[PDB]
Undergrad: 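Dropping a structure here in structure tokens format, bear with me for questions.
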There are 4 protein chains.
Amino acid sequence: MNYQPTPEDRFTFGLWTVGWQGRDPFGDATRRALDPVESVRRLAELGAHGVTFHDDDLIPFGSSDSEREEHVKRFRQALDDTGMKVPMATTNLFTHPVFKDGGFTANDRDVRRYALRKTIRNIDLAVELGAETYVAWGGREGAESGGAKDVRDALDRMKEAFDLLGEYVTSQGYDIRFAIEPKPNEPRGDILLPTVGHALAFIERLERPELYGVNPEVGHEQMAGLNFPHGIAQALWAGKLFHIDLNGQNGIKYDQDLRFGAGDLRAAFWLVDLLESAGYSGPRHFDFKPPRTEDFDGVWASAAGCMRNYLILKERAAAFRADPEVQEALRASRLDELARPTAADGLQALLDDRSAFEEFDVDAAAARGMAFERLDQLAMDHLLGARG
Amino acid sequence: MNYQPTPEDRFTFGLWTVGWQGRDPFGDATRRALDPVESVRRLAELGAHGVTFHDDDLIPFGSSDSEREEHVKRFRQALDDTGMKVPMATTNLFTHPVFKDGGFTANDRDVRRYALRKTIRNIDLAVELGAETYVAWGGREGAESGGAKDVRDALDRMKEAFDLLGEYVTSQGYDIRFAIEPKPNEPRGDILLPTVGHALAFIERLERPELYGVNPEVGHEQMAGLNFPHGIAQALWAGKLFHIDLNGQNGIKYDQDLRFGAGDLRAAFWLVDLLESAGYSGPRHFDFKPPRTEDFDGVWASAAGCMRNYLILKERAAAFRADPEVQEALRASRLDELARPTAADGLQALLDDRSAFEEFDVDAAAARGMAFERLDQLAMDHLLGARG
Amino acid sequence: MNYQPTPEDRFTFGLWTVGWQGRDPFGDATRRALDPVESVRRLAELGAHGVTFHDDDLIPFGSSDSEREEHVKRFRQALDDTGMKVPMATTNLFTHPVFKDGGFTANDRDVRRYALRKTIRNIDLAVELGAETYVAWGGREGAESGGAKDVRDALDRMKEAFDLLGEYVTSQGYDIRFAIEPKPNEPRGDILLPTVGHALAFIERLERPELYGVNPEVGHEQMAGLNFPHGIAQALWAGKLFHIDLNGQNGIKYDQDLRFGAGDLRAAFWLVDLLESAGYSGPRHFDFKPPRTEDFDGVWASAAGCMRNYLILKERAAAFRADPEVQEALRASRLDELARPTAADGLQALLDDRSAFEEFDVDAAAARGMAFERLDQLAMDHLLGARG
Amino acid sequence: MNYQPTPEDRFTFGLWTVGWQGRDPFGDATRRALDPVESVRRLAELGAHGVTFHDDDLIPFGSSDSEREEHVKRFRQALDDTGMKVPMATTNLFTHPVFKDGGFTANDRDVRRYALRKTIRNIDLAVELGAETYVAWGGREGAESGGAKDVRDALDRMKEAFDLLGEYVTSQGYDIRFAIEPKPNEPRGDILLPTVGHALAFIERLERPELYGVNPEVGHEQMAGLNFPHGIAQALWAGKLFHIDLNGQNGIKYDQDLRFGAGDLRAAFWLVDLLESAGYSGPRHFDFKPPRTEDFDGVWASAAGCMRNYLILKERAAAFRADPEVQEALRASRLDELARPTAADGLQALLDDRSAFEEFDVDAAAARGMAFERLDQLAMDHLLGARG
Ligand SMILES: OC[C@H]1O[C@H](O)[C@H](O)[C@@H](O)[C@@H]1O
Ligand SMILES: OC[C@H]1O[C@H](O)[C@H](O)[C@@H](O)[C@@H]1O
Ligand SMILES: OC[C@H]1O[C@H](O)[C@H](O)[C@@H](O)[C@@H]1O
Ligand SMILES: OC[C@H]1O[C@H](O)[C@H](O)[C@@H](O)[C@@H]1O
């Protein structure tokens with residue numbers, strides 16, 4: 001009867017989430033900047049396992065090698081004081097005006113080289129802090145108009161960039177993998193590699209595909225009206241779910257980054273059911289923005305809400321799968337048959353099987369109800385805790 | 001000053017397009033059925049190069065081997081009489097009630113085996129008629145609720161199915177490739193392999209990836225709010241654009257299948273520019289539905305409109321790229337630099353290049369305007385034929 | 001601990017809902033036609049209060065005055081046998097090919113006159129069966145292309161039609177009101193009066209506005225990405241919520257008509273909370289389609305699910321509002337202040353109030369957190385039955 | 001053969017459009033602030049008729065009565081030097097953190113009173129500068145979660161606010177009307193009065209409805225997937241199109257504010273055709289944002305592009321309507337009949353007209369094609385300048 005998170009739950013937060021000051025396209029900040037050290041302390045008290053960062057969240061852009069050292073030192077001391085881990089790090093290749101046309105796929109060659117150098121420097125830092133995953137979100141890679149970007153040339157530049165980071169990591173002997181985070185649009189009119197599918201496809205064209213996977217975000221796939229759990233299943237099927245960003249989103253519109261559980265509640269249930277049943281072992285990272293209507297107390301309530309909502313859904317999904325009535329319904333809907341090979345007997349035997357065509361009774365097969373509605377209502381009852 | 005199509009333009013139409021009777025989810029047919037032989041004659045007169053078909057368009061479901069022979073014979077004679085070709089064929093694995101839960105990924109194993117046998121039979125027919133591409137549109141593969149389909153098991157069944165068709169084609173020595181046509185939703189709540197990206201990713205997991213590519217449709221990618229030309233560029237970059245379905249769609253809503261040129265006009269311009277500049281050599285296939293408000297005369301006007309709109313855009317795109325002012329603008333926006341390697345000098349030289357980081361002037365770089373708006377207005381002027 | 005519906009709950013269903021045969025734009029029917037008398041019996045056993053119908057659901061198109069009489073007689077006897085009521089009726093001005101360009105706004109004048117006569121005949125029938133509300137869903141009023149419909153002239157024809165039905169009802173002394181059901185698109189490219197707002201605005205231009213209100217549908221407003229509860233609040237505020245259609249919809253895509261509770265679960269919670277708190281006293285009508293994957297047993301399970309889901313949400317919303325912790329949170333977020341007039345003191349006093357401008361401390365006001373996230377998590381806890 | 005705008009064309013721009021510095025939710029400004037006086041000079045040279053402003057664009061928030069006077073004086077002198085007019089003004093009730101929960105519908109009563117006082121002060125300024133229209137865009141009126149805002153109470157507060165501004169304007173004897181600008185979402189999760197329809201409906205509940213109309217924006221209606229020209233026709237039909245915001249938007253996603261003509265090109269054509277045929281006489285105001293990739297030269301090219309694109313479409317629409325072949329097609333599609341009353345003979349005569357029902361030949365009527373596709377292709381040919 002308790003939903004208290006503990007570090008063993010592997011809940012993580014970006015510094016930029018609880019640290020979001022509330023500046024939006026139409027308004028000024030509503031909260032003061034949070035010292036990352038304070039963020040780490042508050043999060044550890046809430047039961048979090050660790051934090052993530054962009055280089056620019058930790059070390060202000062333009063810091064001298066000296067101030068940099070100082071900023072890392074204070075951070076490192078907060079991690080030691082709290083026991084918090086840093087499992088993932090990423091680069092800010094979107095805020096500074098130089099990246100207005102992108103980082104790895106900017107038309108200007110000198111900016112692409114700078115983007116790489118900036119990233120490489122942060123990869124060194126990430127390894128030192130113990131991160132296992134390095135995320136790349138190409139927020140500025142894309143266009144508002146068609147002639148501004150030749151997409152085939154942009155994809156060559158993107159592959160070139162990732163191949164170089166792969167050569168770097170391998171030459172240094174680092175134990176770290178990359179994860180590409182898709183987003184369909186915003187802040188560019190259209191962004192390259194807009195969905196999980198596009199990113200997965202792109203990865204197979206890299207020189208060392210085994211080094212790269214995806215970091216899908218609930219809200220981003222939903223901005224394209226796609227089914228998030230289905231996209232995650234395809235990533236898992238491919239062996240490419242290296243990390244995940246959890247949050248909420250209310251349909252096709254701007255990127256909301258609501259707390260996890262908010263937005264599409266049923267999709268959140270099916271997502272938890274899948275992550276737990278597939279045995280996803282990575283961090284449960286929250287990339288959310290406490291709404292700008294909130295003061296600091298609302299910020300911490302929002303973060304606690306993300307973890308609470310995950311734990312409640314995990315309990316409901318587990319009760320759903322453990323329910324014998326549900327196991328019976330799953331067999332009535334033939335989920336058991338879906339998992340059996342269609343033709344382990346082989347092509348030849350299938351061609352010779354008259355029961356597969358010549359003598360197949362299509363009419364009888366057609367008449368068989370799938371019983372999906374009863375199964376779905378059983379799932380609803382479990383979610384709402386209304387199971388008899 | 002003429003936009004008359006000729007067979008050399010490679011325009012093709014599905015029998016189900018001009019033959020659509022007008023039955024929609026809320027109303028009865030508004031037109032009588034068209035005899036495929038008549039469809040072939042009318043289309044040849046309009047300047048079309050050929051037609052495509054689903055098995056069930058040509059041979060009514062349940063035909064005896066005898067009537068089948070008769071139907072193919074009459075069709076074949078119309079093709080000989082007109083010189084029309086059949087470059088693509090596909091299977092109907094969606095109309096009959098047996099496929100209500102899918103064909104290759106139905107939960108019922110007996111239906112999956114039947115779907116394969118039905119497909120294999122039509123592949124034999126396709127080769128005989130000279131088709132080079134066999135399209136697969138999994139319209140019924142998917143779900144309306146989360147527990148009805150374990151997506152990892154469904155993907156195993158889908159791969160199993162495609163691998164078997166690949167074994168079949170290779171064992172028979174057929175010269176024919178497969179093309180997967182994505183669609184995000186409708187008629188299922190969510191469809192598997194919902195976008196070009198998801199289909200491309202899936203293909204890399206097949207046993208003989210070289211046999212499969214995609215058959216993207218303008219309207220389907222737009223039902224997910226995605227940029228069609230960008231998706232096509234990624235397919236071309238991957239060497240997987242085996243075929244394409246051209247039509248129009250007005251945003252995120254039901255699958256409209258408006259005539260090509262209708263819907264998002266600018267995207268149609270950028271798509272034509274890309275297909276012609278990349279030297280796409282396959283058919284320009286139209287998968288459209290003449291609206292049910294039309295009589296047969298409106299059906300033929302609609303089909304002629306598809307071809308006319310492609311020819312007009314082709315002329316405008318070619319004039320755009322040939323314009324010296326445009327070539328000058330493209331250099332001002334650094335499209336030339338986008339096409340140059342970021343670091344052909346190699347990783348080591350990039351790491352040692354102080355001009356790439358230590359001494360890079362971010363401020364100067366940032367201040368450089370991209371000149372994208374002038375370029376885009378030049379494109380607009382060309383499209384509207386308002387170029388001085 | 002029980003969610004059994006009873007006729008006092010005022011749950012109603014259209015004959016076309018449980019009677020949907022499963023024909024969609026890409027497939028044939030998967031279920032046989034249901035005799036309306038059977039539908040009435042099954043629904044009464046489930047705990048329903050009554051049914052609704054389009055003329056064509058009850059009396060097949062083209063029936064002789066004789067067969068018509070017979071069909072009404074059998075229906076009437078089923079209502080007497082079960083105690084079921086008929087609180088609403090409507091016209092089918094969309095299925096028959098004549099209505100391909102609309103009914104009240106068809107370009108052909110002779111069809112508009114026929115649409116009116118067909119409607120008037122059914123209004124007489126509705127009154128006789130005791131219906132209090134007559135719904136109008138202009139599914140075919142609209143266009144796929146811009147020049148096909150002059151919208152100002154179409155609105156004149158629509159107003160003319162409604163004004164005539166108003167004159168008819170008033171001249172006959174009937175006790176019956178009209179309700180306009182909006183839908184943004186499908187089966188037309190764009191439909192006239194696409195949302196609740198457009199319909200409300202249109203009503204104020206009718207000759208006797210007091211005779212007309214709206215019949216909003218959950219899924220239709222969601223097809224435009226709008227907030228359904230907000231739209232319902234505006235209808236209630238205007239005194240125009242005469243009836244309502246409950247169902248589920250998963251975002252911006254084709255009209256799904258999933259069972260109530262499916263789709264956006266949180267919106268369903270907030271909708272129930274609003275209907276119950278505002279004391280909506282009309283029918284709780286379900287306009288849903290049991291998915292075509294189901295057999296008759298799944299049809300009845302789906303219908304029972306609609307009612308169950310409403311009763312569960314009603315219990316959760318009532319517990320939310322009754323919770324003292326929630327009442328405390330509502331005051332912390334100043335919902336109490338929202339309900340107080342901004343300036344009951346009047347314009348002059350506001351202009352002279354220095355505390356309203358000259359001496360207003362914007363900074364202090366700005367710093368006040370709204371506490372919305374804690375309130376929302378309290379709502380989530382109540383919905384999931386996880387309230388301590 | 002010329003598309004040069006002149007002040008007689010009535011093209012206007014907001015100071016915040018060409019003055020947009022490029023700050024977005026993910027990045028810093030890419031351009032320096034423009035002095036409003038400079039903006040006025042550059043725009044007059046481009047052929048603009050005038051400018052619009054929010055109070056805070058002209059007078060920086062918190063200015064002393066003294067600096068205010070100075071800022072107005074410099075502005076006024078630029079208008080005199082150039083002959084530029086100021087036909088519309090509006091209030092910034094969204095940037096400052098105090099308005100984080102709204103202005104007129106903030107839960108805090110003290111903020112609602114402040115919002116009114118701030119608005120009233122700017123109305124006085126607007127009249128002095130000669131503005132005929134005062135626009136209200138409630139960007140912060142709304143919510144991210146359901147319990148945060150009781151929408152019926154919010155609508156009472158909104159009506160109360162507008163009624164007070166109406167009392168103020170009437171008591172001062174000012175010649176100025178209000179225009180409500182709808183937007184469905186962003187920066188709030190859902191905004192109140194989300195579409196043209198909702199705003200029109202709301203206006204009929206105000207004390208003096210004749211004082212208020214709408215200021216629809218192309219992109220905002222498109223963020224809800226609605227047909228902009230249709231929404232504008234309904235506004236014109238109601239006599240409520242007081243002003244309009246022109247721009248471009250690519251579908252359902254964040255508010256792009258692309259230059260007019262960009263986005264949905266065909267909708268822009270149909271919009272121009274409607275404004276010119278209905279004789280809309282108000283300003284053609286552009287609310288756009290030159291993309292942040294641009295430098296100042298791209299800013300001015302973008303603004304010139306807005307005007308050019310309107311003039312080109314105006315020429316094409318006029319040629320379309322003047323074409324005798326098009327006038328012939330319009331009669332073939334029965335646009336002439338749409339404009340004729342359905343029953344000027346009256347209810348009684350319609351009831352007695354057997355040709356309207358008893359003897360109506362539905363089959364013959366049904367068989368009549370609408371000829372909409374040929375008409376639409378004629379429109380396309382005209383738009384692309386491909387008319388023989
Ligand atoms: O990839 C690193 C992070 O960068 C930015 O914060 C993006 O907004 C976020 O979605 C992404 O997760
Ligand atoms: O793939 C074959 C064809 O099957 C159906 O006709 C689909 O509606 C169409 O989009 C697809 O192209
Ligand atoms: O208005 C009567 C009914 O007609 C049709 O069944 C529409 O699909 C439904 O949404 C509407 O409620
Ligand atoms: O209403 C005044 C203006 O305020 C803001 O600039 C909005 O972003 C814009 O859409 C609106 O037109």
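Numbered from 1 within each chain, the chains take letters A, B, ... in sequence-line order. Whatever order the structure lists them in is the order used to number ligands and atoms, beginning at 1. Side chains are part of it too, since the values below use all heavy atoms of this structure and drop only hydrogens, waters and symmetry mates.
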Undergrad: Out of all atoms in ligand 1, which are within 4.0 Å of some heavy atom of A:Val135? Include the element for each.
TA: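 Numbered from 1, ligand 1 contributes 1 (O).
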
Undergrad: Show which atoms of ligand 4 fall inside a sub-4.0 Å distance from at least one heavy-atom site of D:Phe94.
TA: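 Numbered from 1, ligand 4 contributes 4 (O), 5 (C).
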
Undergrad: Any idea which atoms of ligand 1 are less than 4.0 Å away from a heavy-atom of A:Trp16?
TA: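 Ligand 1 atoms under the 4.0 Å threshold to A:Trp16: 6 (O).
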
Undergrad: Report the nearest protein non-hydrogen atom to atom 9 (C) of ligand 2: residue, atom name, distance rounded to 0.1 Å.
TA: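 Atom 9 (C) of ligand 2 sits closest to the protein heavy atom B:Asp287 OD2, 3.1 Å.
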
Undergrad: For D:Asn215 and ligand 4, does the shortest N/O to N/O distance drop below 3.5 Å?
TA: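 For ligand 4, there is no N or O atom that lies under 3.5 Å from one belonging to D:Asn215.
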
Undergrad: Tell me which part of D:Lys183 gets within contact of ligand 4: side chain, backbone, both or neither, using heavy atoms under 4.0 Å.
TA: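 It is neither part, as no heavy atom is under 4.0 Å.
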
Undergrad: Can you tell which part of B:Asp245 has a heavy atom less than 4.0 Å from ligand 2: side chain, backbone, both or neither?
TA: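 It is the side chain that gets close, since no backbone atom is under 4.0 Å.
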
Undergrad: Just which atoms of ligand 4 are under 4.0 Å from any heavy atom in D:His220?
TA: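 So the answer, numbered in order with elements, is 10 (O).
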
Undergrad: Can you report which non-hydrogen protein atom sits closest to atom 8 (O) of ligand 1, along with the distance?
TA: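 That would be D:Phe26 CE2, 3.5 Å.
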
Undergrad: Is the shortest side-chain N to carboxylate O distance from D:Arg23 to A:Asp28 below 4.0 Å?
TA: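 The answer is no: the pair does not qualify as a salt bridge.
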
Undergrad: Between D:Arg140 and A:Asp24, does any side-chain N to carboxylate O distance fall below 4.0 Å?
TA: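 Salt bridge: yes.
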
Undergrad: Considering the heavy atoms of D:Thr90, write down every atom of ligand 4 situated less than 4.0 Å from one of them.
TA: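 What qualifies from ligand 4 is 1 (O), 2 (C).
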
Undergrad: So which heavy atom in the protein is nearest atom 11 (C) of ligand 4, and how far is it from that ligand atom?
TA: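 The answer is D:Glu181 OE1, 3.1 Å.
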
Undergrad: What residue and atom, counting heavy atoms only, is the protein's closest point to atom 4 (O) of ligand 2, and at what distance?
TA: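 Going by distance alone, atom 4 (O) of ligand 2 is nearest to B:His54 NE2, 2.8 Å.
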
Undergrad: Is a side-chain donor-acceptor pair under 3.5 Å present for A:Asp287 with A:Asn247?
TA: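 No, no side-chain donor-acceptor pair sits under 3.5 Å.
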
Undergrad: With respect to atom 1 (O) of ligand 4, which of D:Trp20, D:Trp137, D:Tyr134 exhibits the smallest heavy-atom separation?
TA: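 Result: the heavy atom closest to atom 1 (O) of ligand 4 is in D:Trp137.
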
